[PDB]
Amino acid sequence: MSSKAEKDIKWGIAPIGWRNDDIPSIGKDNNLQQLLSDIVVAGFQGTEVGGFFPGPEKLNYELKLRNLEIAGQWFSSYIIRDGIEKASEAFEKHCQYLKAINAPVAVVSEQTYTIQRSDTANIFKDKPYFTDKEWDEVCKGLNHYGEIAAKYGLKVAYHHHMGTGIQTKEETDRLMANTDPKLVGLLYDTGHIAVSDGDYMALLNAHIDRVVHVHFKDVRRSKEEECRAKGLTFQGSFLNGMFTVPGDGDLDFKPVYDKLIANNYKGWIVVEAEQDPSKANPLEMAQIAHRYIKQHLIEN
């Protein structure tokens, strides 16, 4: 493969392995400076925006000291709950923030009815389903996000996600078939699809053309099995070790990488694994991931 094709891939690692926003106690005493310098030590070129991150001036300053970039930021969309007008207002503010920090990608998930932050809902069985009319709202809304984002030089990447109305490959297929490819791209996340559908390559193969941002999330299969058997919540499952970084779990990332290269993918691959950093040391994880990427994926 060409070193140029490989050079079109930017490698990052997400802050959620250091510190969790949904469960603030998890990694509470870890900070922005630690994760950014850990990232340099581990060999990655950037990260995504954590909820605890500061404003653009401080973030840019800390990034510049370390020659690091921001790959993107999560946006919780509530088109269904709030209507496209209110949701679009929230989205435009994220867009402003992303541009301020020179980030390319808004990572979007329609969060209405999600069970991913539930204290009780079984993440394997209790997900919501959008109605046909809500699907129309959402697809129209996301095209509009794409229009909003264009103004800022930004791309929208839709995050299929456990516990949401758009989790399965079939749900993703529906979204892809009913949104404009110029406006709505796909965030391909290996772990979310592996856990939903028991397969990660089918989704990639079906929509490689629409992939504009990638998350590498590995799965500890034996832990998945145990979580499913107990009917845990999303948080219960990640606190029980269902997710980890490439090189530490069970997925072979090489077919994914090879597929992206073969398709001249230009953009970010971000390692992302929600764990309790007191148990899975965030630097050690970053290093495990980086060494695997170097040894198992990269050719030049």
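So that there is no doubt, residue numbering starts at 1 and follows the sequence shown.
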Self-check item: Stretch with the greater mean C-alpha B-factor as recorded in the entry, comparing 257-265 against 32-40
Solution: 257-265
Quiz prompt | Per the entry, higher mean C-alpha B factor between 70-78 and 91-99 | solution = 91-99
Quiz item: For the listed 236, 46, 246, 54, which has the peak Cα B-factor recorded in the PDB entry?
Solution: 54
Quiz item: Can you tell me which of 192, 125, 169, 215 has the highest Cα temperature factor in the record?
Solution: 125
Quiz prompt | CA B-factor ranking of residue 19, expressed as a third of its chain | solution = lowest
Quiz item: Based on the entry's values, in what third of the chain does the Cα temperature factor of residue 140 lie: lowest, middle or highest?
Solution: highest
Quiz prompt | Ranked C-alpha temperature factor of residue 278 among modelled chain residues, by third | solution = highest
Quiz item: Considering only modelled residues of the same chain, in which third does the CA B-factor of residue 226 rank: lowest, middle or highest?
Solution: middle
Exercise. Check where residue 156 lands among this chain's C-alpha B-factors and tell me if it's the lowest, middle or highest third.
Key: middle
